[PDB]
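Take a look at the structure set out below.
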Amino acid sequence: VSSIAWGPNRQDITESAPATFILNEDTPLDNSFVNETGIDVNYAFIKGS
Amino acid sequence: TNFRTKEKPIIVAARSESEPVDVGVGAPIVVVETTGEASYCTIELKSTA
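Now the structure itself:
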């Protein structure tokens, strides 16, 4: 992440330290999409109802 | 004894310039070139609109 503002001449730059992150099952999920969608395509199976 | 009368101050050249600031445009400043003799001068402007 870098913070850039209009400096004296034309621009000014103030950066920050980089960081890394990975997304796995250990990462908590808020979902918020809920469920009840027809036709499921997942790692588990292919079930139709 | 020889002398000379004062010169009436007249407007020779006049213009207004605004300094270009990085963030926006600076306030314009009117630059006027004048010649004549006067203890002090009063300058007034009337809008032509």
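Top line first, the protein sequences correspond to chains A and B.
In terms of my numbering, the first sequence is numbered consecutively and its last residue is 67.
In terms of my numbering, the second sequence is numbered consecutively and its last residue is 230.
C-beta: ideal position from N, C-alpha, C; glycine also.
- Task: Determine the extent of the beta strand (DSSP E) in which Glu-33/A is found, giving its start and end residues.
- Result: For this step, residue 33/A is matched to residue 15 along the first sequence. For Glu-33/A, the enclosing beta strand (DSSP E) starts and ends at 30 to 33.
- Can we say the region 190 to 197 of chain B touches the region 209 to 217 of chain B, given the rule of at least three CB pairs closer than 8 Å? Contact between the region 190 to 197 of chain B and the region 209 to 217 of chain B is present, with at least three C-beta pairs closer than 8 Å.
- Quick one: grab the DSSP three-state call for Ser-21/A. The residue you call residue 21/A lines up with position 3 of the first sequence. DSSP places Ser-21/A in strand when its eight states are reduced to three.
- Query: Under a three-way DSSP split, which group does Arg-185/B fall into?
  - Reply: Counting from 1 along the second sequence, the entry for residue 185/B is found at position 4. It is coil, neither helix nor strand.
- For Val-204/B, which residues does DSSP report across the bridge? For the purposes of this step, residue 204/B is taken as residue 23 along the second sequence, with counting starting at 1. Bridge partners of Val-204/B: none, in fact.
- Message: Out of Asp-203/B, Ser-220/B and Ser-199/B, which one is the CA nearest neighbour of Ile-210/B?
- Response: For the purposes of this step, residue 210/B is taken as the residue at position 29 of the second sequence. Among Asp-203/B, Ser-220/B and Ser-199/B, the Cα nearest to that of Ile-210/B is on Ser-199/B.
- Report the three-state DSSP secondary structure of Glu-225/B (helix, strand or coil). Here residue 225/B refers to the residue found at position 44 when the second sequence is read from its first residue. Three-state DSSP puts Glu-225/B in coil, outside helix and strand.
- Query: Since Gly-25/A and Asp-203/B are thought to touch, with beta carbons under 8 Å apart, how far apart are those beta carbons, to the nearest angstrom?
  - Reply: Sequence index remark: in the first sequence, residue 25/A carries index 7 (1-based). Sequence index remark: in the second sequence, residue 203/B carries index 22 (1-based). Cβ-Cβ separation between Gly-25/A and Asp-203/B: approximately 7 Å, consistent with a contact (criterion under 8 Å).
- Helix, strand or coil for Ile-191/B, going by three-state DSSP, please let me know. Position 10 of the second sequence holds residue 191/B. Collapsing the DSSP output to three states places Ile-191/B in a strand.
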